[PDB]
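Below sits a lone chain in structure tokens, taken as the form deposited in one PDB entry.
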């Protein structure tokens, strides 16, 4: 009997565990390291809602995580000029050598994983993530 959804959950859990264990020197929590990885790739003109959503945490959690990062000296929250409602999260100068080790390990770990399999598997696999995801979100609106 088919168990594909559980097997994608498991796959992701083990992968995530590999990155966390390799970052164990930074003594950084999974939420914190995933959140930093995400702030760096996304623009400040993203809502905390989409950021929180981009990471896989809800909005009430992101703030606290960002409050934590604020007390670690790693981020700041600049209240906007044309949108006083919003705040554009920015990584602090002192964060580079940290963003640098999180990213290096995420990239390296990915390329390893995608280094013994074929281009066809990777491409066909790559496309579907986007197909399956689009389709599920479509049903979401029913």
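Only the largest set of C-alpha atoms that superpose within 1.5 Å between the two forms is called the rigid core. Numbering follows the first chain given and starts at 1.
Higher average CA B factor: 84 to 92, of the stretches 104 to 112 and 84 to 92. When the C-alpha B-factors of 71 to 79 and 36 to 44 are averaged, 71 to 79 comes out higher. Highest C-alpha temperature factor among 49, 28, 98, 66, as the PDB entry reports it: 49.
Residue-level temperature factors show residue 3 in the middle third of its chain, judged at the C-alpha atom.
Not on display, but discussed next: the form deposited in another entry.
In the core-aligned comparison between this form and the one not shown, the C-alpha of 45 is the only one from 67, 45, 58, 112 that shifts by 2 Å or more.
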